[PDB]
Every structure is written in C-alpha cells, then in structure tokens.
Amino acid sequence: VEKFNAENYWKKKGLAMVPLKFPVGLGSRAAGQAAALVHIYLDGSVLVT
Amino acid sequence: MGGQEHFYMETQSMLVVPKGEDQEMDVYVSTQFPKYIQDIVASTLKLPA
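- Structure determination for this PDB entry is given in the record as X-ray crystallography, at a resolution of 2.60 Å.

Written as structure tokens, this is what we have:
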C-alpha cells in the first residue's frame, strides 16, 4: 500500500486493523431471566416454546 | 328399553384451518375430547401430534 501510494497521485490505497472487546450482560439479574414450556405428546413428538 | 337421541342444541360443528407452514392444522371443534381429535386428525394426515 505504501508502494502503491508512492506511484499513484489520483488513486490511493489504505489499510487498517482494529480490535474488539464486546462485553455482554444486562443491568440486573431479573433482566436476564427467561422461561420456556415443553410438552411431550403420546406419539413421542415434542412441542416447545 | 328404548334408546335416546342426545339432542344437544348445538349440532355437530367444526372449522379446520391449515396454517400454511409445516402442515400445521388448527382444529376448532365442538367436542368433549380434544386429545382424541388431535390423534385422529394427525393420523389421517400422517403427521406428528
């Protein structure tokens, strides 16, 4: 990219690198609560929500 | 001893509504035994319950 930019006046290249720390979590324990309901019918098939 | 007609004032009534996904049926029916309706409809359609 440095080589390119030394040889080109009207077109330039650029390169960059950035790192990521993305923390995960909500304000409270209660905000992270979650629930489900599971049935098994007599043919063995399952309904979940 | 003679028989007897049930003579419920609401005659036999149902509405069967396909959802249009995964062969899902909803069955609205005047019945005393939903689980049995679910079985005979699923069996008839070769579907899980």
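### Some remarks on the packing of aromatic side chains
Pairs of aromatic rings are described using the distance from one ring centre to the other and the angle between the two planes.
Residue and element names in this part refer to chain A.
So, step 1. As enumerated under the stated definition, the model contains two aromatic pairs over all chains in all.
So, step 2. Ring geometry for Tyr9 versus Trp10: centroids 4.8 Å apart, planes at 70°, classification edge-to-face. Each member of the pair, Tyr9 as well as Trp10, carries the same accessibility label: exposed.
So, step 3. Lying across the ring of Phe4, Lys13 places its NZ or CZ 4.9 Å from the centre.

### What to know about unusual backbone geometry
Residues and elements named next belong to chain B.
So, step 1. Despite not being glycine, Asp22 shows a phi value in the positive range, around 55°.
So, step 2. Mapped onto the fold, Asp22 is located in the loop between β1 (14-18) and β2 (25-29).
So, step 3. The phi dihedral of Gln23 is positive, around 50°, even though this residue is not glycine.
So, step 4. Tracing the sequence through the fold places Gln23 in the loop between β1 and β2.

### Describing the interface of chain B and chain A
So, step 1. Taken together, the contact between chain B and chain A spans four residues of the former and four residues of the latter.
So, step 2. Looking at the side of chain B facing chain A, the largest losses of area belong to B:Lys35, B:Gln38 and B:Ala49, adding up to 82% of the total buried there.
So, step 3. There are zero salt bridges connecting chain B and chain A.
So, step 4. Taken together, the connections running from chain B to chain A amount to one residue pair in polar contact.
So, step 5. Its residues placed into classes, the side of chain B that touches chain A shows two nonpolar, one polar and one charged.

### What to know about the environment of B:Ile40
So, step 1. Assignment of secondary structure puts B:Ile40 in helix α1 (residues 34-45).
So, step 2. In this structure the C-alpha to C-alpha distance between B:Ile40 and B:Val16, which are 24 residues apart in sequence, comes to 13 Å.

Conventions and cut-offs
Residues numbered from 1 in each chain as written, not as in the entry; some residues may be left out. Chains lettered and ligands numbered in written order. Part of a larger assembly, values for the part shown. Heavy atoms only, no water. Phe/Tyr/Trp six-rings, centres within 6.5 Å; stacked < 30°, edge-to-face > 60°. Buried < 20%, exposed > 50% of the residue type's maximum accessible area, 1.4 Å probe, protein only. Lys NZ or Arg CZ within 6 Å of the ring centre and 35° of its normal. Helix = DSSP H or I, 4+ residues; strand = E, 2+ residues; numbered from the N terminus. Contact = heavy atoms within 4.5 Å. Buried area = accessible area lost by both parts, 1.4 Å probe. Salt bridge = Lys/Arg side-chain N within 4 Å of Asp/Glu carboxyl O. Polar contact = N/O pair within 3.5 Å; in protein donor to acceptor, adjacent residues only side chain to side chain. Nonpolar A, V, L, I, M, F, W, Y, C, P; charged D, E, K, R; others polar.

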